Amino acid sequence: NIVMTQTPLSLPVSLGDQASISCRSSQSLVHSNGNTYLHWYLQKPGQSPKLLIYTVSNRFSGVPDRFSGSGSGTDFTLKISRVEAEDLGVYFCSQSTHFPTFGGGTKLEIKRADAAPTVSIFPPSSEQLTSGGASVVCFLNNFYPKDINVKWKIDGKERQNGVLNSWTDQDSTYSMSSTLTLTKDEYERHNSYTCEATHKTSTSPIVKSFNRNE
Amino acid sequence: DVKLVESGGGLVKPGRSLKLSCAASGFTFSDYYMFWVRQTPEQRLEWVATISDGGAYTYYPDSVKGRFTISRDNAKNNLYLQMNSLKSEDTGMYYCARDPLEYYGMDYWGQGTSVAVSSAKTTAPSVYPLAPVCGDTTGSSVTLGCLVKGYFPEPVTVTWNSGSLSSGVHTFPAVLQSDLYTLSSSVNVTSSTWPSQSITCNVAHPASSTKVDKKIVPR
Amino acid sequence: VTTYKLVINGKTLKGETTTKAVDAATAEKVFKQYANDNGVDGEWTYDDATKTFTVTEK
Amino acid sequence: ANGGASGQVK
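- Method of determination, as given in the entry header: X-ray crystallography; reported resolution: 1.95 Å.

Below, the structure is given as C-alpha cells:
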C-alpha cells in the first residue's frame with residue numbers, strides 16, 4: 001500500500017542530453033535492517049522490465065556507468081549522464097521494503113520540434129446508421145508534444161459520455177483518434193457536432209464541425 | 001546466463017481458471033524466492049504472488065488472495081501460478097521474476113505470457129467508411145479512414161490499397177468498447193488523388209476468417 | 001457444429017467471413033446480422049456443396 | 001522479519 005509516483009510522466013530528450021527522473025514513495029523506504037530497497041527498471045516495447053539500478057544507487061550487472069541513482073527516505077531520482085537511443089523506453093521505480101509496488105512509469109522519448117495537429121471530423125457512415133448505431137470520429141494527426149486535450153461539443157455542450165480515445169506510439173510525432181459512440185436515436189437528438197483540440201502550439205483551440213442535416 | 005520462460009496464457013471466461021508455468025534455467029532455482037508480476041493493458045505493473053525458495057511460504061496481495069496459488073517444482077526448475085475465479089481485471093501480461101539473494105528485489109524477469117478474461121464470443125468486425133464531410137472545394141489534402149468495430153478476439157490487420165498506400169497512414173491501437181474491440185485507421189492523400197483514384201481499406205480478422213475490402217466513396 | 005461461409009459481393013464492401021453453426025439456417029441468421037451491421041442490402045443465395053452463402057447487392 | 005512477500009536477504 002506504499003504508493004510510488006513518477007515525475008515526470010514523459011521526458012523527451014535529444015541524443016546526448018542529460019536525463020533525470022524522480023520517484024516519490026508514500027512512506028519511508030528505509031527497512032528495519034537499515035537498507036533502502038528502491039529499484040529502477042527499463043522496459044522496451046514487447047520486452048519485460050530489466051533491472052538497472054538496485055537499492056538506490058547500485059548498478060546492476062551490465063548496466064553502463066551513464067546510469068546513476070540516488071535519493072533518500074521517500075524521494076529518489078535516476079540520472080542518465082548522456083542519453084543514447086538504446087536508453088529509450090519506459091523507466092519504472094519499485095520498492096521492495098514492504099510488499100512490492102511499482103511506480104506508473106516515465107517514458108523517455110526522442111525530442112522533436114513542436115507540431116500542431118491536423119484535425120478531421122467524420123459523421124457516422126450511412127452504413128452504420130442503417131444498422132442502428134452512430135459513431136462520430138475525429139483524428140488528431142501528427143502533433144508534438146503528446147499532451148493534447150480533446151473535447152466533443154454537441155450544440156455547444158460538452159459530451160464526455162461514450163467517448164473513447166486511442167493514441168498511436170511515437171517522424172517522431174504522435175497521432176490520436178477520438179470516437180464518440182452513440183445510438184442512432186441519440187445521434188438524431190442533436191444537429192451540431194464539433195471536435196475541439198487544445199495543444200501547446202496555440203492559445204486557440206482547433207475546431208472541426210459538421211451538421212447532421214447537411 | 002539466467003533465463004525465465006513463462007507460458008500457458010490464454011483466453012478464459014469469467015469465473016474460470018488457468019495455470020501458468022515459468023521455466024527457469026541458468027541458476028540454482030531452489031535457492032531463490034520467486035514472484036509473479038502482471039502488467040495491465042494500460043501498462044501498470046502489479047505484484048501478484050511470492051513464494052519462498054523451498055516452497056513452504058506463499059504471499060499474495062488482497063486483489064488475488066484466495067483465488068491464485070503460486071507453487072514450484074524445485075526438481076524440474078518450474079514455477080507455477082494457478083488462477084481460479086478469474087475476473088476481467090485479471091486480464092494482463094504475466095511475468096515471473098526472481099528474488100536476488102542479498103537484497104529484496106526482482107533481478108531477472110521472463111518475456112511473459114498473456115491472459116485475457118472475457119465472456120465475448122468470436123465476432124467478425126463491422127467495417128465502416130470514414131469519408132470526409134461533404135462539400136469541400138478547397139483543394140487541400142483529404143483525410144479518409146476506416147472504422148473497424150465490434151470484433152473479438154484480437155487481433156485485426158488493416159492495409160490500404162492492398163499495401164500500396166503506405167505513406168501518411170495512421171492505424172490506431174484497438175480499444176475495448178462494448179466488450180468487443182474497435183480500431184480505426186486514417187490515410188491522407190492530395191485532393192487530386194481521391195476520389196478520382198479509388199481508396200480501399202483491406203481488413204482481416206483471422207479468428208473469424210474475415211477478409212474484406214471497403215471502398216471509400218465520397219459523401 | 002460445422003463451418004459455414006459468406007461471400008459478400010456488395011457495391012463497396014466485398015470479401016469473405018465464416019461462422020460455426022449447428023446448421024445452415026442457424027448460420028444464415030448470424031450472416032444476415034453481420035451484413036445488416038455492415039449496412040449491406042442484397043440478395044441471398046446458398047451453395048450447398050461448399051456450404052457458402054452469397055449476399056449480392058444491386 | 002527476513003523472508004516474506006518481498007523476498008529474503010540470505
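## Regarding the overall build of chain B
Reasoning step 1: In terms of helices and strands, chain B carries 0 helices and 18 strands.
Reasoning step 2: Its C-alpha atoms give chain B a radius of gyration of 23 Å, clearly above 17 Å, the size a compact globule of 219 residues would have.
Reasoning step 3: If one aligns the C-alpha atoms of chain B with their principal axes, the spans along those axes are about 75 × 35 × 30 Å.
Reasoning step 4: Here chain B holds 219 residues, and the buried ones make up 49% of them.
Reasoning step 5: Contacts spanning at least 24 positions in sequence make up 58% of the contacts within chain B whose residues lie at least 6 apart.
Reasoning step 6: Accessible area of chain B: about 9400 Å², with a carbon and sulfur share of 48%.
Reasoning step 7: Taking the average location of the 18 positive side-chain charges in chain B and that of its 17 negative ones, the two points are 11 Å from each other.

## Topic: the domain arrangement of chain A
Residues and elements named next belong to chain A.
Reasoning step 1: By the assigned domains, chain A splits into domain 1 (1–112) and domain 2 (113–212).
Reasoning step 2: Taken over C-alpha atoms, the centre of domain 1 sits 35 Å from the centre of domain 2.
Reasoning step 3: Of all residues in domain 1, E109, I110 and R112 give up the largest surface area on contact with domain 2, accounting jointly for 85% of the area buried on that side.
Reasoning step 4: There are 0 salt bridges connecting domain 1 and domain 2.
Reasoning step 5: Taken together, domain 1 and domain 2 are joined by 6 residue pairs in polar contact.

## What about the interface of chain A and chain B?
Reasoning step 1: Tallying the contact residues gives 47 residues for chain A and 41 residues for chain B.
Reasoning step 2: Summed over both sides, the interface of chain A with chain B buries roughly 3500 Å², with 63% coming from carbon and sulfur.
Reasoning step 3: Taken as a group, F102, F122 and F139 of chain A account for 15% of the area that chain A buries against chain B, more than any other trio of residues on that side.
Reasoning step 4: Our enumeration of links across chain A and chain B arrives at 1 salt bridge.
Reasoning step 5: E127 of chain A is the partner of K214 of chain B in a salt bridge, and the nearest nitrogen-oxygen pair spans 2.6 Å.
Reasoning step 6: Taken together, the connections running from chain A to chain B amount to 12 residue pairs in polar contact.
Reasoning step 7: Those elements giving two or more residues to the side of chain A that touches chain B turn out to be β4 (38–43), β5 (50–54), β12 (118–122), α1 (126–131), β13 (133–143), β16 (163–167) and β17 (174–183) of chain A.
Reasoning step 8: The dominant element in the side of chain A that touches chain B, judged by the number of residues it contributes, is β13 of chain A, at 5 residues.
Reasoning step 9: In the side of chain A that touches chain B, the residues fall into 20 nonpolar, 24 polar and 3 charged.

## As for the sheet that holds strand β3 (residues 18–25) of chain B
Residue and element names in this part refer to chain B.
Reasoning step 1: Strand order in the open sheet formed by 4 strands is β1-β3-β8-β7, with antiparallel pairing between adjacent strands. The outermost strands of the open sheet, each flanked by one partner alone, are β1 (3–7) and β7 (68–73). The mean inter-strand angle of the sheet, taken between neighbouring strand axes irrespective of direction, is 15 degrees.
Reasoning step 2: Where β7 meets strand β8 (residues 78–83), 6 bridges bridge the pair, whose relative direction is antiparallel. In the sheet register, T69 faces β8, and the bridge partner there is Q82.

## What about the interface of chain B and chain D?
Many structure descriptions define interface size as the accessible area lost when the parts assemble.
Reasoning step 1: Chain B puts 14 residues into the contact, and the matching count from chain D is 10 residues.
Reasoning step 2: If you sort the residues of chain B by the area they bury against chain D, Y33, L101 and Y104 of chain B come out on top, with a joint share of 56%.
Reasoning step 3: Counting every contact that joins chain B to chain D gives 0 salt bridges.
Reasoning step 4: Linking chain B to chain D there are 4 residue pairs in polar contact.
Reasoning step 5: Residues belonging to the side of chain B that touches chain D are distributed by class as follows: 8 nonpolar, 2 polar and 4 charged.

## Comments concerning the sheet that holds β16 of chain A
Residue and element names in this part refer to chain A.
Reasoning step 1: The 4 strands lie next to each other as β12-β13-β17-β16, forming an open sheet whose pairing is antiparallel. Where the open sheet ends on each side, the last strands, each with one partner, are β12 and β16. Pairwise comparison of adjacent strand axes, ignoring direction, gives a mean angle of 15 degrees for this sheet.

## Quick notes on the nonpolar core
Reasoning step 1: The biggest cluster of nonpolar side chains holds 41 residues, and the ones touching the most others in it are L38, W40, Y91 and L108 of chain A together with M106 and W109 of chain B.
Reasoning step 2: In terms of nonpolar packing, the next biggest core, distinct from the first, is built from 37 residues, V142 and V148 of chain B together with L6 and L13 of chain C among them.

Criteria and thresholds
Residues numbered from 1 in each chain as written, not as in the entry; some residues may be left out. Chains lettered and ligands numbered in written order. Heavy atoms only, no water. Helix = DSSP H or I, 4+ residues; strand = E, 2+ residues; numbered from the N terminus. Rg over C-alpha atoms; globule rule 2.2 N^0.38 Å. Buried < 20%, exposed > 50% of the residue type's maximum accessible area, 1.4 Å probe, protein only. Contact = heavy atoms within 4.5 Å. Areas by Shrake-Rupley, 256 points an atom, 1.4 Å probe, with all protein chains shown as cover. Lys, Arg positive; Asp, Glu negative; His and termini not counted. Charge placed at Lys NZ, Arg CZ, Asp CG, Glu CD. Domains from an automatic or database assignment. Buried area = accessible area lost by both parts, 1.4 Å probe. Salt bridge = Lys/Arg side-chain N within 4 Å of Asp/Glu carboxyl O. Polar contact = N/O pair within 3.5 Å; in protein donor to acceptor, adjacent residues only side chain to side chain. Nonpolar A, V, L, I, M, F, W, Y, C, P; charged D, E, K, R; others polar. Pairing = 2+ DSSP bridges. Axes fitted to C-alpha atoms, helices over the stretch in contact; angles between N-to-C directions. Core = buried A, V, L, I, M, F, W, Y, C linked by side-chain atoms within 4.5 Å.

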